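Don't worry about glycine lacking a Cβ; one is built from the backbone with ideal geometry, like all the others, and counts go over all protein chains shown. Throughout, read-outs are computed from the coordinates displayed, never taken from laboratory work.
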């Protein structure tokens, strides 16, 4: 297809772009643009990612896909996450479509991008129960006070778990941003072979000791 | 599988590594290591990539896979190529296995890496006739004097076509390195629906005018 040719050409072009957008000053401006984006989506409604699909050719969604993507790739990794107490180390991608969640964690459209800052609440989504990848199967083992490390554009952000809740999919109040807090939530479905509910592991930003063993 | 988990974890780790290996000094040392590698493989035999398979778990092959890969990814793009007279813009990957050649161009193991230098002769391989990607279908339209641009670790190399030959697969004499020349060959199979022969488009290095319209 023309689709495939275009896809191959874009892989080439983004490889080339990546050597022109990786300087400290461009990482800083990509991150600053992500913060501006986060301010602009503060009111957005937040839909369940297993039960709904985002409108992926809308204008704002196409804009979202340009954030954290100075190379202009298709489906780039936007950040990584590490949860060493359950030995998880996984890439995060834009959105939560079916193919994304088979190969990594998805970022829930309508929530802040995971670049830190007060007033933000990124929601990072993973399957549990997918054949042949662990993903968030062990999120239910995470405990209060466990650390979470996000890496994004060369920066490392540290979060500590503070709440663990199980809720119905319609109920997203625990996902609200709070203008005075820098938080993230990890979400997966539960229980095993049913997935009628959502497990929400919330964490808040803490200082990163430069000598953290987990770095 | 554990294989999938490991693959996902490595995607995360290489995303993180990519922000630590992209400085000018590391691009220079990756390129210098590639030149050293090229010197070490000057005598290697060169097998037809459609008719043979490299031993992909041998020691030297695993070393090859670490070249042009400071991020330590699985199957990274190692370089891109542009041939504007046939409107081709494609990524190049290590090796020439089946899955590589479905998604881009492959680099023929045993030939120099495409980083330039006298005494080198990289061979870049593409299919013709694959359903649903053009790849090297139009290589047969390339003419003498046409330019070829390789981009690698942020550098751009310009080559100009000087020979076009059709040969049998066993016959690789036109692929020999020449200690006084900086050359590349593009190879595909021919003719349509038969692929009994190989089309070899050879080009030599020329000065890159910084104001080349094709940049």
Can you pull the mean other chain C-beta count within 10 Å for peptide A:15-26? 4
For the protein assembly as shown, take N as its residue count and report Rg(C-alpha) divided by 2.2 N^0.38 Å. 1.09
Using a 10 angstrom cutoff on alpha carbons, build the Gaussian network for chain A and name the most mobile of A:173, A:181, A:143. A:173
Run the label-point distances for residue B:212 please: 7 Å along Cα to Cβ, every other copy, nanometres, shortest first. 4.5
Percent relative contact order of segment B:1-75, based on C-alpha pairs within less than 8 angstrom and at least six residues apart? 59 percent
Along Cα-to-Cβ, 7 Å out, sits the label point; list in nm, shortest first, how far the one on residue B:73 is from those in the other copies. 0.4
By per-residue mean of other Cβ atoms within 10 Å, what is the highest-first order of B:109-117, A:160-168? B:109-117, A:160-168
Starting from the coordinates of the alpha-carbon atoms of segment B:1-101, obtain the Kirkwood hydrodynamic radius over all distinct pairs and give the value in Å to one decimal. 15.7 Å
Using the reciprocal of the averaged 1/r over all distinct C-alpha pairs, how large is the Kirkwood radius of chain B in Å? 17.8 Å
Sorted from fewest to most neighbouring beta carbons within 10 Å, what does the list B:61, A:15 look like? B:61, A:15
What's the exposure ranking of B:85, A:151, going from fewest to most Cβ atoms within 10 Å? B:85, A:151
Computed FRET efficiency, Cβ-Cβ of residue B:192 and residue A:55, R0 45 Å: what is it to the nearest 0.05? 0.60
Grab the DSSP H runs of chain A that are 4 residues or longer, score each as -39,500 (n - 2.57), total them, divide by all residues and round the 222 nm result to the nearest 500 deg cm²/dmol. -7000 deg cm²/dmol
How high is the relative contact order of chain A, in percent, with contacts defined as C-alpha pairs under 8 Å that are six or more residues apart? 18 percent
Convex hull (Cα only) mean projected area of segment B:3-54, reported in nm² to one decimal: 5.9 nm²
Using a Gaussian network model of chain B whose springs link C-alpha atoms within less than 10 Å, name the residue from B:95, B:104, B:154 with the highest mean-square fluctuation. B:154
Counting only DSSP beta bridges with both partners in chain A, the antiparallel fraction in percent, to the nearest 5, comes to 80 percent
So between residue B:1 and residue B:131, what do we pick up on full extension, going 0.36 nm a residue minus the alpha carbon distance? 43.8 nm
Can you list, shortest first in nanometers, how far residue B:132 lies from the same residue in the other copies, with each label 7 Å from Cα toward Cβ? 1.7
Please compute, for peptide A:73-85, the average count of beta-carbon atoms on other protein chains lying within 10 Å of each residue's beta-carbon. 2
Once both label points are put 7 Å beyond Cα along the C-beta direction, the residue A:143-residue A:166 separation in nm becomes 1.9 nm
